[PDB]
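What follows is the content of final-v8.cif (mmCIF, C-alpha atoms).
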data_start
#
loop_
_atom_site.group_PDB
_atom_site.id
_atom_site.type_symbol
_atom_site.label_atom_id
_atom_site.label_comp_id
_atom_site.auth_asym_id
_atom_site.auth_seq_id
_atom_site.Cartn_x
_atom_site.Cartn_y
_atom_site.Cartn_z
ATOM 1 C CA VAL P 172 -19.429 15.177 -39.286
ATOM 2 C CA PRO P 173 -19.279 11.799 -37.434
ATOM 3 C CA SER P 174 -19.264 9.831 -40.685
ATOM 4 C CA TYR P 175 -17.990 6.281 -41.047
ATOM 5 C CA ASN P 176 -14.997 7.463 -43.087
ATOM 6 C CA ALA P 177 -14.090 10.077 -40.471
ATOM 7 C CA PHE P 178 -14.117 7.241 -37.935
ATOM 8 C CA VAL P 179 -11.761 5.161 -40.099
ATOM 9 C CA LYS P 180 -9.235 8.003 -40.280
ATOM 10 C CA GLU P 181 -9.429 8.586 -36.519
ATOM 11 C CA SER P 182 -8.974 4.878 -35.778
ATOM 12 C CA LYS P 183 -6.001 4.628 -38.151
ATOM 13 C CA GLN P 184 -4.381 7.713 -36.607
ATOM 14 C CA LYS P 185 -4.865 6.314 -33.101
ATOM 15 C CA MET P 186 -3.435 2.937 -34.160
ATOM 16 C CA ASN P 187 -0.352 4.562 -35.692
ATOM 17 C CA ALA P 188 0.154 6.783 -32.636
ATOM 18 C CA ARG P 189 -0.169 3.670 -30.467
ATOM 19 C CA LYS P 190 2.574 1.961 -32.478
ATOM 20 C CA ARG P 191 4.766 5.065 -32.137
ATOM 21 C CA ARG P 192 4.219 5.226 -28.378
ATOM 22 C CA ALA P 193 4.914 1.488 -28.123
ATOM 23 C CA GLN P 194 8.270 1.908 -29.864
ATOM 24 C CA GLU P 195 9.122 4.875 -27.630
ATOM 25 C CA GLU P 196 8.113 2.909 -24.522
ATOM 26 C CA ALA P 197 10.245 -0.034 -25.653
ATOM 27 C CA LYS P 198 13.305 2.173 -26.171
ATOM 28 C CA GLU P 199 12.866 3.901 -22.804
ATOM 29 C CA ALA P 200 12.198 0.538 -21.139
ATOM 30 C CA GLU P 201 15.395 -1.004 -22.490
ATOM 31 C CA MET P 202 17.300 2.093 -21.349
ATOM 32 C CA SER P 203 15.828 1.755 -17.852
ATOM 33 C CA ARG P 204 16.253 -2.038 -17.747
ATOM 34 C CA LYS P 205 19.977 -1.690 -18.330
ATOM 35 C CA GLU P 206 19.938 1.339 -16.013
ATOM 36 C CA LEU P 207 18.574 -0.850 -13.196
ATOM 37 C CA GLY P 208 20.818 -3.849 -13.885
ATOM 38 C CA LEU P 209 18.221 -6.585 -14.432
ATOM 39 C CA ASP P 210 19.101 -9.368 -16.857
ATOM 40 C CA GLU P 211 16.736 -9.976 -19.755
ATOM 41 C CA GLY P 212 14.114 -12.706 -19.599
ATOM 42 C CA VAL P 213 11.191 -13.571 -17.364
ATOM 43 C CA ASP P 214 12.978 -15.732 -14.776
ATOM 44 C CA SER P 215 15.448 -12.928 -14.044
ATOM 45 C CA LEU P 216 12.478 -10.678 -13.237
ATOM 46 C CA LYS P 217 10.978 -13.268 -10.878
ATOM 47 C CA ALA P 218 14.321 -13.922 -9.174
ATOM 48 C CA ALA P 219 14.914 -10.207 -8.591
ATOM 49 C CA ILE P 220 11.378 -9.702 -7.257
ATOM 50 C CA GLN P 221 11.688 -12.638 -4.856
ATOM 51 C CA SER P 222 15.120 -11.489 -3.658
ATOM 52 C CA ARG P 223 13.582 -8.085 -2.944
ATOM 53 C CA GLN P 224 10.779 -9.908 -1.116
ATOM 54 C CA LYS P 225 13.321 -11.659 1.112
ATOM 55 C CA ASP P 226 15.050 -8.324 1.757
ATOM 56 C CA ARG P 227 11.761 -6.641 2.683
ATOM 57 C CA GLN P 228 10.889 -9.601 4.912
ATOM 58 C CA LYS P 229 14.102 -9.167 6.896
ATOM 59 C CA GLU P 230 13.515 -5.394 6.931
ATOM 60 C CA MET P 231 10.046 -5.677 8.462
ATOM 61 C CA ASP P 232 11.427 -8.269 10.882
ATOM 62 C CA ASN P 233 13.894 -5.630 12.083
ATOM 63 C CA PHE P 234 11.112 -3.017 12.169
ATOM 64 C CA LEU P 235 8.847 -5.152 14.354
ATOM 65 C CA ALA P 236 11.855 -5.961 16.539
ATOM 66 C CA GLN P 237 12.285 -2.213 17.081
ATOM 67 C CA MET P 238 8.572 -1.794 17.818
ATOM 68 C CA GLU P 239 8.772 -4.596 20.386
ATOM 69 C CA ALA P 240 11.967 -3.246 21.962
ATOM 70 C CA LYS P 241 10.177 0.097 22.366
ATOM 71 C CA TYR P 242 6.571 -0.738 23.336
ATOM 72 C CA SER P 243 6.475 -4.284 24.732
ATOM 73 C CA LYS P 244 6.152 -5.175 28.403
ATOM 74 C CA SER P 245 9.104 -7.564 28.051
ATOM 75 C CA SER P 246 11.400 -4.764 26.866
ATOM 76 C CA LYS P 247 10.238 -2.339 29.565
ATOM 77 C CA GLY P 248 10.247 -4.915 32.362
ATOM 78 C CA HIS K 18 -24.230 9.747 18.491
ATOM 79 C CA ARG K 19 -23.972 7.900 15.167
ATOM 80 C CA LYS K 20 -21.059 9.678 13.493
ATOM 81 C CA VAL K 21 -19.776 7.918 10.370
ATOM 82 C CA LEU K 22 -16.633 8.450 8.300
ATOM 83 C CA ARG K 23 -16.955 8.007 4.557
ATOM 84 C CA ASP K 24 -14.997 8.315 1.297
ATOM 85 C CA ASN K 25 -11.611 8.882 2.929
ATOM 86 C CA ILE K 26 -9.979 6.654 0.305
ATOM 87 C CA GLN K 27 -9.769 9.912 -1.657
ATOM 88 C CA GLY K 28 -7.404 11.057 1.093
ATOM 89 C CA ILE K 29 -4.910 8.987 -0.880
ATOM 90 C CA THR K 30 -4.619 11.726 -3.476
ATOM 91 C CA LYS K 31 -2.978 11.647 -6.895
ATOM 92 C CA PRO K 32 0.155 13.356 -5.482
ATOM 93 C CA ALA K 33 0.307 10.717 -2.730
ATOM 94 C CA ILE K 34 0.281 7.868 -5.257
ATOM 95 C CA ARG K 35 2.801 9.802 -7.363
ATOM 96 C CA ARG K 36 5.165 10.140 -4.395
ATOM 97 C CA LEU K 37 4.754 6.428 -3.655
ATOM 98 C CA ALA K 38 5.500 5.491 -7.272
ATOM 99 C CA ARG K 39 8.517 7.817 -7.461
ATOM 100 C CA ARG K 40 9.803 6.265 -4.237
ATOM 101 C CA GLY K 41 9.307 2.949 -6.028
ATOM 102 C CA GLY K 42 11.213 4.188 -9.077
ATOM 103 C CA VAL K 43 8.256 4.503 -11.459
ATOM 104 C CA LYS K 44 8.844 6.969 -14.296
ATOM 105 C CA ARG K 45 5.342 7.117 -15.817
ATOM 106 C CA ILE K 46 1.953 5.838 -14.669
ATOM 107 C CA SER K 47 -1.310 4.920 -16.351
ATOM 108 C CA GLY K 48 -4.493 6.891 -15.804
ATOM 109 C CA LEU K 49 -6.217 3.992 -14.030
ATOM 110 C CA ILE K 50 -3.230 3.420 -11.723
ATOM 111 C CA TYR K 51 -4.722 5.610 -8.980
ATOM 112 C CA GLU K 52 -7.873 3.514 -8.562
ATOM 113 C CA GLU K 53 -5.936 0.237 -8.539
ATOM 114 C CA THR K 54 -3.558 1.644 -5.915
ATOM 115 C CA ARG K 55 -6.483 2.820 -3.777
ATOM 116 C CA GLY K 56 -8.125 -0.604 -3.977
ATOM 117 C CA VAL K 57 -4.913 -2.463 -3.138
ATOM 118 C CA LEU K 58 -4.188 -0.253 -0.132
ATOM 119 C CA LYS K 59 -7.803 -0.485 1.041
ATOM 120 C CA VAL K 60 -7.743 -4.297 0.958
ATOM 121 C CA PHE K 61 -4.376 -4.337 2.748
ATOM 122 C CA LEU K 62 -5.600 -1.954 5.454
ATOM 123 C CA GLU K 63 -8.889 -3.820 5.914
ATOM 124 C CA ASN K 64 -7.142 -7.164 6.356
ATOM 125 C CA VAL K 65 -4.619 -5.828 8.868
ATOM 126 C CA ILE K 66 -7.065 -3.590 10.783
ATOM 127 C CA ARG K 67 -9.533 -6.449 11.269
ATOM 128 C CA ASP K 68 -6.825 -8.454 13.046
ATOM 129 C CA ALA K 69 -5.673 -5.450 15.087
ATOM 130 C CA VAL K 70 -9.275 -4.831 16.180
ATOM 131 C CA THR K 71 -9.641 -8.508 17.090
ATOM 132 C CA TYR K 72 -6.523 -8.235 19.263
ATOM 133 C CA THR K 73 -7.905 -5.115 20.955
ATOM 134 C CA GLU K 74 -11.268 -6.832 21.488
ATOM 135 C CA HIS K 75 -9.655 -9.881 23.092
ATOM 136 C CA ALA K 76 -7.663 -7.517 25.303
ATOM 137 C CA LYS K 77 -11.065 -6.322 26.621
ATOM 138 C CA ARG K 78 -10.002 -2.798 25.626
ATOM 139 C CA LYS K 79 -11.492 -0.229 23.259
ATOM 140 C CA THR K 80 -8.262 1.458 22.099
ATOM 141 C CA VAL K 81 -5.828 -0.122 19.641
ATOM 142 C CA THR K 82 -2.325 -0.046 21.107
ATOM 143 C CA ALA K 83 0.929 -0.377 19.176
ATOM 144 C CA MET K 84 1.400 -4.026 20.158
ATOM 145 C CA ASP K 85 -2.000 -4.881 18.672
ATOM 146 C CA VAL K 86 -0.727 -3.587 15.329
ATOM 147 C CA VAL K 87 2.598 -5.372 15.883
ATOM 148 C CA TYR K 88 0.865 -8.732 16.324
ATOM 149 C CA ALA K 89 -1.497 -7.991 13.426
ATOM 150 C CA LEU K 90 1.464 -7.333 11.121
ATOM 151 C CA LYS K 91 3.258 -10.442 12.396
ATOM 152 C CA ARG K 92 0.196 -12.579 11.645
ATOM 153 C CA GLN K 93 -0.231 -10.871 8.261
ATOM 154 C CA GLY K 94 3.372 -11.648 7.315
ATOM 155 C CA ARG K 95 2.438 -15.342 7.420
ATOM 156 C CA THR K 96 -0.632 -15.122 5.152
ATOM 157 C CA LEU K 97 0.023 -12.232 2.749
ATOM 158 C CA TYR K 98 2.637 -13.994 0.587
ATOM 159 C CA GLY K 99 1.383 -17.551 1.090
ATOM 160 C CA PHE K 100 0.443 -17.669 -2.608
ATOM 161 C CA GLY K 101 -3.259 -17.452 -1.796
ATOM 162 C CA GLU O 65 -8.081 6.262 -25.472
ATOM 163 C CA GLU O 66 -4.684 4.772 -24.560
ATOM 164 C CA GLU O 67 -3.115 8.186 -24.059
ATOM 165 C CA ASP O 68 0.534 8.853 -23.264
ATOM 166 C CA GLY O 69 2.041 7.746 -19.979
ATOM 167 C CA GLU O 70 1.716 10.422 -17.305
ATOM 168 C CA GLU O 71 5.261 11.605 -16.633
ATOM 169 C CA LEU O 72 6.304 11.727 -12.980
ATOM 170 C CA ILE O 73 9.647 13.578 -13.033
ATOM 171 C CA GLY O 74 8.353 16.506 -15.074
ATOM 172 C CA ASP O 75 8.622 20.159 -14.132
ATOM 173 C CA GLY O 76 6.638 21.403 -11.175
ATOM 174 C CA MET O 77 7.215 18.101 -9.367
ATOM 175 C CA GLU O 78 8.162 20.050 -6.231
ATOM 176 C CA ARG O 79 4.461 20.929 -6.026
ATOM 177 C CA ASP O 80 3.861 17.331 -4.926
ATOM 178 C CA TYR O 81 6.400 17.962 -2.132
ATOM 179 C CA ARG O 82 4.860 21.105 -0.642
ATOM 180 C CA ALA O 83 4.135 21.061 3.088
ATOM 181 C CA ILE O 84 0.521 21.216 4.279
ATOM 182 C CA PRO O 85 0.195 21.775 8.052
ATOM 183 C CA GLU O 86 -3.509 20.865 8.077
ATOM 184 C CA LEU O 87 -2.675 17.351 6.844
ATOM 185 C CA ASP O 88 0.953 16.751 7.909
ATOM 186 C CA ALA O 89 -0.074 16.127 11.536
ATOM 187 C CA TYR O 90 -2.429 13.686 13.224
ATOM 188 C CA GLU O 91 -5.596 15.220 14.635
ATOM 189 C CA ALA O 92 -6.784 14.577 18.189
ATOM 190 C CA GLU O 93 -10.092 12.851 17.410
ATOM 191 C CA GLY O 94 -9.979 9.066 17.637
ATOM 192 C CA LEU O 95 -6.635 8.960 19.472
ATOM 193 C CA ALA O 96 -5.831 7.719 22.978
ATOM 194 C CA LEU O 97 -4.287 10.336 25.267
ATOM 195 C CA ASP O 98 -5.597 8.703 28.449
ATOM 196 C CA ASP O 99 -2.653 6.324 28.734
ATOM 197 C CA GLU O 100 -4.279 3.463 30.647
ATOM 198 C CA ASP O 101 -6.716 0.802 29.476
ATOM 199 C CA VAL O 102 -3.870 0.138 27.022
ATOM 200 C CA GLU O 103 -2.654 -2.996 28.789
ATOM 201 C CA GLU O 104 -0.808 -5.466 26.583
ATOM 202 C CA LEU O 105 -2.455 -8.716 25.538
ATOM 203 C CA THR O 106 -1.840 -11.643 27.842
ATOM 204 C CA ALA O 107 -0.797 -14.939 26.279
ATOM 205 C CA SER O 108 -4.249 -16.459 26.802
ATOM 206 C CA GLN O 109 -5.918 -13.433 25.193
ATOM 207 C CA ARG O 110 -3.524 -13.424 22.232
ATOM 208 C CA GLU O 111 -3.828 -17.168 21.633
ATOM 209 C CA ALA O 112 -7.631 -17.036 21.844
ATOM 210 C CA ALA O 113 -7.786 -14.092 19.432
ATOM 211 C CA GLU O 114 -5.475 -15.801 16.943
ATOM 212 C CA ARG O 115 -7.339 -19.119 17.055
ATOM 213 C CA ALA O 116 -10.680 -17.342 16.602
ATOM 214 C CA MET O 117 -9.173 -15.475 13.648
ATOM 215 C CA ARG O 118 -7.918 -18.729 12.123
ATOM 216 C CA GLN O 119 -11.377 -20.277 12.507
ATOM 217 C CA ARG O 120 -12.863 -17.183 10.848
ATOM 218 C CA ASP O 121 -10.377 -17.475 7.972
ATOM 219 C CA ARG O 122 -11.315 -21.135 7.540
ATOM 220 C CA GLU O 123 -14.941 -19.975 7.409
ATOM 221 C CA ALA O 124 -13.987 -17.885 4.353
ATOM 222 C CA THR X 58 10.908 11.291 7.636
ATOM 223 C CA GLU X 59 10.031 11.648 3.957
ATOM 224 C CA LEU X 60 6.600 12.553 2.572
ATOM 225 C CA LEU X 61 4.596 9.808 0.858
ATOM 226 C CA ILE X 62 1.096 9.946 2.401
ATOM 227 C CA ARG X 63 -0.116 12.792 4.589
ATOM 228 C CA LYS X 64 -0.850 11.881 8.187
ATOM 229 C CA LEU X 65 -4.377 13.273 8.597
ATOM 230 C CA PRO X 66 -5.887 11.574 5.491
ATOM 231 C CA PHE X 67 -4.340 8.243 6.492
ATOM 232 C CA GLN X 68 -5.650 8.603 10.052
ATOM 233 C CA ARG X 69 -9.153 9.410 8.801
ATOM 234 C CA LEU X 70 -9.010 6.448 6.406
ATOM 235 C CA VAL X 71 -7.862 4.042 9.129
ATOM 236 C CA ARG X 72 -10.646 5.170 11.458
ATOM 237 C CA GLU X 73 -13.219 4.883 8.654
ATOM 238 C CA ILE X 74 -12.071 1.328 7.927
ATOM 239 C CA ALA X 75 -12.037 0.391 11.615
ATOM 240 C CA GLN X 76 -15.511 1.750 12.403
ATOM 241 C CA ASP X 77 -16.954 -1.041 10.224
ATOM 242 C CA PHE X 78 -15.479 -3.635 12.626
ATOM 243 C CA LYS X 79 -16.152 -2.106 16.060
ATOM 244 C CA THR X 80 -18.416 0.833 16.819
ATOM 245 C CA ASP X 81 -16.466 3.173 19.125
ATOM 246 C CA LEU X 82 -12.690 2.844 19.087
ATOM 247 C CA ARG X 83 -9.561 4.783 19.982
ATOM 248 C CA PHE X 84 -6.052 4.430 18.574
ATOM 249 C CA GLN X 85 -2.597 4.906 20.013
ATOM 250 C CA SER X 86 -0.670 7.324 17.812
ATOM 251 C CA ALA X 87 2.176 4.804 17.613
ATOM 252 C CA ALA X 88 -0.312 2.274 16.228
ATOM 253 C CA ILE X 89 -1.344 4.674 13.454
ATOM 254 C CA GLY X 90 2.320 5.417 12.774
ATOM 255 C CA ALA X 91 3.227 1.736 12.494
ATOM 256 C CA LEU X 92 0.234 1.219 10.199
ATOM 257 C CA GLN X 93 1.380 4.070 7.952
ATOM 258 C CA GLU X 94 4.999 2.896 7.869
ATOM 259 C CA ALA X 95 4.027 -0.691 7.030
ATOM 260 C CA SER X 96 1.544 0.437 4.369
ATOM 261 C CA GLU X 97 4.073 2.767 2.733
ATOM 262 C CA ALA X 98 6.840 0.147 2.738
ATOM 263 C CA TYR X 99 4.446 -2.404 1.232
ATOM 264 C CA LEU X 100 3.261 0.031 -1.441
ATOM 265 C CA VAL X 101 6.743 1.196 -2.448
ATOM 266 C CA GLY X 102 7.924 -2.409 -2.687
ATOM 267 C CA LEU X 103 4.875 -3.252 -4.787
ATOM 268 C CA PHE X 104 5.648 -0.256 -7.007
ATOM 269 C CA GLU X 105 9.255 -1.396 -7.463
ATOM 270 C CA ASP X 106 8.078 -4.872 -8.463
ATOM 271 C CA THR X 107 5.433 -3.347 -10.752
ATOM 272 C CA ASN X 108 8.085 -1.200 -12.433
ATOM 273 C CA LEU X 109 10.183 -4.325 -12.985
ATOM 274 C CA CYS X 110 7.179 -6.119 -14.494
ATOM 275 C CA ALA X 111 6.465 -3.107 -16.713
ATOM 276 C CA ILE X 112 10.015 -2.741 -18.030
ATOM 277 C CA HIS X 113 10.069 -6.471 -18.777
ATOM 278 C CA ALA X 114 7.037 -5.927 -21.041
ATOM 279 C CA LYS X 115 8.882 -3.090 -22.852
ATOM 280 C CA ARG X 116 7.128 -0.238 -21.046
ATOM 281 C CA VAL X 117 8.103 2.489 -18.593
ATOM 282 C CA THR X 118 4.429 3.331 -17.961
ATOM 283 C CA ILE X 119 3.027 1.053 -15.263
ATOM 284 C CA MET X 120 -0.521 -0.280 -15.543
ATOM 285 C CA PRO X 121 -2.884 -2.194 -13.233
ATOM 286 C CA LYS X 122 -1.982 -5.256 -15.310
ATOM 287 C CA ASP X 123 1.635 -4.941 -14.166
ATOM 288 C CA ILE X 124 0.487 -4.340 -10.577
ATOM 289 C CA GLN X 125 -1.499 -7.580 -10.569
ATOM 290 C CA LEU X 126 1.355 -9.436 -12.290
ATOM 291 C CA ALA X 127 3.778 -8.280 -9.592
ATOM 292 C CA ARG X 128 1.263 -9.266 -6.907
ATOM 293 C CA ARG X 129 0.943 -12.731 -8.455
ATOM 294 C CA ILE X 130 4.730 -13.117 -8.550
ATOM 295 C CA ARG X 131 5.049 -11.984 -4.923
ATOM 296 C CA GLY X 132 2.499 -14.511 -3.740
ATOM 297 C CA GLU X 133 -0.582 -12.392 -3.087
ATOM 298 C CA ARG X 134 -4.229 -12.865 -4.151
#

Let's see the structure in the file written out as structure tokens.
Amino acid sequence: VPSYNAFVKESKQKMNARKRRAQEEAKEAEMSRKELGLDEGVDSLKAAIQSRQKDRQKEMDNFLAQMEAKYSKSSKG
Amino acid sequence: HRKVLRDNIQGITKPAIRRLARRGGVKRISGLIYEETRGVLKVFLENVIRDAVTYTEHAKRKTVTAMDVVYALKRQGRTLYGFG
Amino acid sequence: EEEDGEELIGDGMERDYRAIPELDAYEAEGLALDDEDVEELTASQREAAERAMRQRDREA
Amino acid sequence: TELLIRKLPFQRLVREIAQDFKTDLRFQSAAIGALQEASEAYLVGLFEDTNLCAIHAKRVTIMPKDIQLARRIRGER
């Protein structure tokens, strides 16, 4: 059963299914990309990620400020 | 008294990683996403817990208080995204 | 190999959001209920710890 | 709050990780809670950035490749 020809057919089927899934992933990814509002290109991706990094930095700053205002000896007195 | 904890990285189950990804907006995940997530979180936790334990040790205590973790996270915020 | 992407918003997703009382609460082992010997770090202690940690990081 | 990681597995994992640094240790519950909140915020932000990196590459299925790409953009290694 595991002949060389049977392996060729399996490999071709898997390659074609991979191309199909790649096209489906590309369509869904464009749909989501416009659904999220990110401009096309690589630099837009980096800019959005770094803006989110700044936002998360300020967020954890606020979080640690809360932790200090609740558990520190300076806040208690 | 030599009790040891082991293989609790599996405590981060597949549903846990799925909830994290859905909170992050992920629609579909790869099969090998779970192991990568476990490794990333383990490295993160190791690097922050070492500093928290160092703070507790310098406090001449043996219990990690909340301010130990606060200072560990504050020190981590300076080195985590320093591009290396 | 290279199977389909595992969907995350499929049906039965509420199974990932079931409540488990055995795991949704912290256990008592390893926690500090005796609420002293939890004194905050003094400035000397904190500075010494941080400088030792920076030396250790340089060593790596 | 919402459910991302269950509290008992995270507590066991934190204690397992910590026992390799000091032998016998206790933890304030607020310390474990802050650890969990910081870890979950970090992981959800990393997942958002990974999803951005995946949809840039014409995919809605995230992969460890996209995770490492997002980490490299954020400034981690």

Q: May I ask which of the residues P:176, P:187, P:245, P:194 is the closest one to chain K, counting all atoms listed in the file?
A: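 Distance minimum relative to chain K lands on P:245.
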
Q: Starting from the displayed file, determine the output of the PyMOL selection byres ((chain O) within 7 of (chain K)) and express the residue list as a ChimeraX atom specification.
A: /O:69-73,80,96,101-102,104-105,109-110,113

Q. Evaluating the PyMOL selection byres ((chain X and resi 86) around 10) on the displayed file yields which residues, as number ranges by chain?
A. K: 81-83; O: 90-92, 94-97; X: 68, 83-85, 87-92

What residues in chain P lie within 10 Å of chain K, counting all atoms listed in the file, written as a compact mmCIF listing (two decimals) with C-alpha atoms, in the frame of the given file?
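out_34.txt was written with the following content:
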# COMPACT_ATOMS: atom_id res chain seq x y z
CA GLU P 199 12.87 3.90 -22.80
CA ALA P 200 12.20 0.54 -21.14
CA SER P 203 15.83 1.76 -17.85
CA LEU P 207 18.57 -0.85 -13.20
CA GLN P 224 10.78 -9.91 -1.12
CA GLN P 228 10.89 -9.60 4.91
CA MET P 231 10.05 -5.68 8.46
CA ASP P 232 11.43 -8.27 10.88
CA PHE P 234 11.11 -3.02 12.17
CA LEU P 235 8.85 -5.15 14.35
CA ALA P 236 11.86 -5.96 16.54
CA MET P 238 8.57 -1.79 17.82
CA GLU P 239 8.77 -4.60 20.39
CA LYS P 241 10.18 0.10 22.37
CA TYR P 242 6.57 -0.74 23.34
CA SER P 243 6.48 -4.28 24.73
CA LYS P 244 6.15 -5.18 28.40

**Q.** Residue list for chain X near chain P as a list in words, 7 Å, only C-alpha atoms
**A.** residues 106, 109, 112, 115, 116, 117, 130 and 131 of chain X

Within 9 Å of chain O, which residues of chain X show up when using all atoms listed in the file, listed as a PDB file with C-alpha atoms, in the frame of the given file?
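This is the output file out_22.pdb:
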ATOM      1  CA  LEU X  60       6.600  12.553   2.572  1.00  0.00           C
ATOM      2  CA  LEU X  61       4.596   9.808   0.858  1.00  0.00           C
ATOM      3  CA  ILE X  62       1.096   9.946   2.401  1.00  0.00           C
ATOM      4  CA  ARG X  63      -0.116  12.792   4.589  1.00  0.00           C
ATOM      5  CA  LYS X  64      -0.850  11.881   8.187  1.00  0.00           C
ATOM      6  CA  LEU X  65      -4.377  13.273   8.597  1.00  0.00           C
ATOM      7  CA  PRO X  66      -5.887  11.574   5.491  1.00  0.00           C
ATOM      8  CA  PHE X  67      -4.340   8.243   6.492  1.00  0.00           C
ATOM      9  CA  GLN X  68      -5.650   8.603  10.052  1.00  0.00           C
ATOM     10  CA  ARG X  69      -9.153   9.410   8.801  1.00  0.00           C
ATOM     11  CA  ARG X  72     -10.646   5.170  11.458  1.00  0.00           C
ATOM     12  CA  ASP X  81     -16.466   3.173  19.125  1.00  0.00           C
ATOM     13  CA  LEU X  82     -12.690   2.844  19.087  1.00  0.00           C
ATOM     14  CA  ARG X  83      -9.561   4.783  19.982  1.00  0.00           C
ATOM     15  CA  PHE X  84      -6.052   4.430  18.574  1.00  0.00           C
ATOM     16  CA  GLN X  85      -2.597   4.906  20.013  1.00  0.00           C
ATOM     17  CA  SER X  86      -0.670   7.324  17.812  1.00  0.00           C
ATOM     18  CA  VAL X 117       8.103   2.489 -18.593  1.00  0.00           C
ATOM     19  CA  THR X 118       4.429   3.331 -17.961  1.00  0.00           C
ATOM     20  CA  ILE X 119       3.027   1.053 -15.263  1.00  0.00           C
TER      21      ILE X 119
END

Q) In Å, with one decimal, what is the gap from CA of residue 99 (chain K) to CA of residue 114 (chain X)? A) 25.6 Å

(Q) I'd like the residues picked by the PyMOL selection byres ((chain X and resi 100) around 9) written out as a PyMOL selection string, using the chain letters and numbers from the file. (A) (chain K and resi 37-38+41+54+57-58) or (chain X and resi 95-99+101-105)

Could you save the residues just selected, with C-alpha atoms, as a JSON list (two decimals), in the frame of the given file?
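Result saved to part.json:
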[["chain", "number", "residue", "atom", "x", "y", "z"],
["K", 37, "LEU", "CA", 4.75, 6.43, -3.66],
["K", 38, "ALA", "CA", 5.50, 5.49, -7.27],
["K", 41, "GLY", "CA", 9.31, 2.95, -6.03],
["K", 54, "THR", "CA", -3.56, 1.64, -5.92],
["K", 57, "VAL", "CA", -4.91, -2.46, -3.14],
["K", 58, "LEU", "CA", -4.19, -0.25, -0.13],
["X", 95, "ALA", "CA", 4.03, -0.69, 7.03],
["X", 96, "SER", "CA", 1.54, 0.44, 4.37],
["X", 97, "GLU", "CA", 4.07, 2.77, 2.73],
["X", 98, "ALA", "CA", 6.84, 0.15, 2.74],
["X", 99, "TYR", "CA", 4.45, -2.40, 1.23],
["X", 101, "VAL", "CA", 6.74, 1.20, -2.45],
["X", 102, "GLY", "CA", 7.92, -2.41, -2.69],
["X", 103, "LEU", "CA", 4.88, -3.25, -4.79],
["X", 104, "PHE", "CA", 5.65, -0.26, -7.01],
["X", 105, "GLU", "CA", 9.26, -1.40, -7.46]]
